[PDB]
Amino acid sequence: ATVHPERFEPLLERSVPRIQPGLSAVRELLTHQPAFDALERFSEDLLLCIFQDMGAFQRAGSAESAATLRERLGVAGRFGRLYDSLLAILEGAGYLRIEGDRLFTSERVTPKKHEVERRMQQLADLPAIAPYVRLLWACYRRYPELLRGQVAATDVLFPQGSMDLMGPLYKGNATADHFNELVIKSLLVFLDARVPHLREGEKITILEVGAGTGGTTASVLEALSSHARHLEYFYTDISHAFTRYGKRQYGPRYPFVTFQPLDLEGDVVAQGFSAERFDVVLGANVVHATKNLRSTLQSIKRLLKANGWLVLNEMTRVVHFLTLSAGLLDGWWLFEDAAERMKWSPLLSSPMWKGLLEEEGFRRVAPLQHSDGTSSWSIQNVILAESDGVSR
């Protein structure tokens, strides 16, 4: 075990209240819950429609073998577990009764084709959910191909290589922007606390993991750019291509950024990153894409200074929207530690992230609060955690 020296005092406890959104912001986010509830129900209905388009579950009172059907529909081997999850979504919606391998269509099963297309248009008229509706509809149109593995998921989710569908998901809609802003706020609160105590020429070093094509990184770098003189920011991704394209896009305007590949599942020092180099590690919707979460967290602890922060932006409920979309991608199914995750997912709820990060030796672990009486936002959260400086 490696124990880093403590080079500055713990600062997370007194920072959490400066980041925690107030009631008015929380209420404003919660105005979007009826739309996201309707998105969930729509996903159920859309899913029934996808099976019907493939010649399954067209009528109430019919029985199938799950195992036989999978084979008959042509589901790709790498989608076995997605397929089981899709059956349970139908079961939870009241469309299937499931008894072991036996599937029975219920009375709620009717022809969904026309209904779902009308519902799609209605839900597309709600801005907070519109880009999610758009993405599900694009997947819907090609779903039988997707599920049979006859077309790559990235060709549908990134049409003609573009960000036309994914881009609007990650930013420019209310819920994504709320959380994007909470990450930025966290970083600026950190900087405000530390900058005053820096020695001459000393810098604060932030690592972003899984920066991808940098969609959310753009606004981070702009918010940070006034601290440029005491900041180094590492833009990293498993993909060397993605880091190169990020350098092209952002390097000229933000000379404080270093662009370097990083695979946290490998040996971080072998990859050119030293122990206790980083004041902050940021992971925006990517740290869950790993085979072993505990191990990935320990590598983060190796990279972080003692009392350095991990800042996560994570989806914290296995919503049907994600299962249907993100569930088609390898990163969703990479996990080899199912008992640490929510079922049929790589995701953790806020309480699960809190307990796990504590077990791995973070302190002051703070999933931010988004509750107003009996209502609360559980679909997504920003989670802050302070490293104790111990790494296996």
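Numbers follow the displayed sequence, beginning with 1.
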271-279 set against 195-203, stretch whose average Cα temperature factor tops the other in the entry: 195-203
Mean C-alpha B-factor comparison - 80-88 and 67-75, higher one: 67-75
Of the residues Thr296, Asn307, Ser226, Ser239, the one carrying the largest Cα B-factor as recorded: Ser226
Top Cα B factor in the deposited entry, candidates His32, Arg59, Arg41, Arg341: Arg59
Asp330 - which third its CA temperature factor falls in, relative to the rest of the chain: highest
Ranked C-alpha temperature factor of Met54 among modelled chain residues, by third: highest
Where the record places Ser371 (Cα B-factor, split into thirds across the chain): middle
Position of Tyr95 among the chain's modelled residues by C-alpha B-factor, lowest, middle or highest third: middle
B-factor third for the C-alpha atom of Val3 within its chain: middle
